[PDB]
Amino acid sequence: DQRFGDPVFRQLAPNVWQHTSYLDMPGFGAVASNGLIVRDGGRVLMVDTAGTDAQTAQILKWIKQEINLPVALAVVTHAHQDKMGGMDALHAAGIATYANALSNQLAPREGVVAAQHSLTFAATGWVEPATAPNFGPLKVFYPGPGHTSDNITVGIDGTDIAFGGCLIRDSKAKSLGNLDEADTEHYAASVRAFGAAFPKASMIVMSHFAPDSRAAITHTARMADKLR
Ligand SMILES: O=P(O)(O)c1ccccc1
Ligand SMILES: O=P(O)(O)c1ccccc1
Ligand SMILES: O=[N+]([O-])c1ccc(O)cc1
Ligand SMILES: [Mg+2]
Ligand SMILES: [Mg+2]
Ligand SMILES: [Zn+2]
Ligand SMILES: [Zn+2]
């Protein structure tokens, strides 16, 4: 029988799915965490792990059974358990992993396994193409410090979709979540930069809420303005 801790999948576009897994840090309750699976020709690319290696394995199994194409690579959007909690699974599966250079530097401080490869960014925010080879439709943008110093974002070329990770909250959210590692001065402008980077994206995907309109960007930025 399917159970609560099992990952759930939603098709967002012909070649894109959202995976959601409900994980559980002590002190606090369990929370849902989302990433993406993208079909690019004869291969699959992932954005973020699940919050645990077990749930990540269950995703790779689903991918194998439902898509049956090899996962060529994964890009993980910052060094916290929810996005990088499944690095061991990805590496056991032979998947090439990519993260912000900064994420890889923070990973041992945050108790997560670093990605194999480091992305660097121009002063514009855009990934340097020599660090993101054969990314296909994944367009990686560093919007500046927000949720964390290292948080990155991903646009999906040929689609409606951009992925904001834990940077973005949905249009009904009443909080930005945990701010203990947030850059409260830069958060608002970073959210706006993400918006300006992906102006064609009408479907905003994010870590802890279901996909929303571009009003999630505005709503998140205007909550963040109150922190300055
Ligand atoms: O994450 P789920 O797709 O199982 C969900 C949960 C409550 C309402 C709608 C969808
Ligand atoms: O969204 P955060 O990266 O603050 C988080 C959420 C659940 C578990 C660990 C980290
Ligand atoms: O054999 N494995 O790499 C495993 C085994 C169990 C698990 O939950 C995840 C990965
Ligand atoms: Mg683990
Ligand atoms: Mg920490
Ligand atoms: Zn985080
Ligand atoms: Zn998160």
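Count begins at 1; order follows the chain as displayed.
Placed from the backbone N, Cα and C atoms, the Cβ positions cover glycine too.
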Q: Check Swiss-Prot: it lists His78, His80 as binding Zn(2+) 1. Then name which of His147, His186, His208 it lists for that same site.
A: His147
(Q) Measuring Cα to Cα, how far is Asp82 (Zn(2+) 2 binding site) from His147 (Zn(2+) 1 binding site) in Å? (A) 13
Q. For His78 (Zn(2+) 1 binding site), what is the tally of other C-beta atoms lying within 10 angstroms of its C-beta?
A. 28
Q.
I want to check the contact list for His208 (Zn(2+) 2 binding site): same chain, sequence separation of six or more, C-beta distance under 8 angstroms. What comes out?
A. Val31, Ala32, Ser33, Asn34, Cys166, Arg169, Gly177
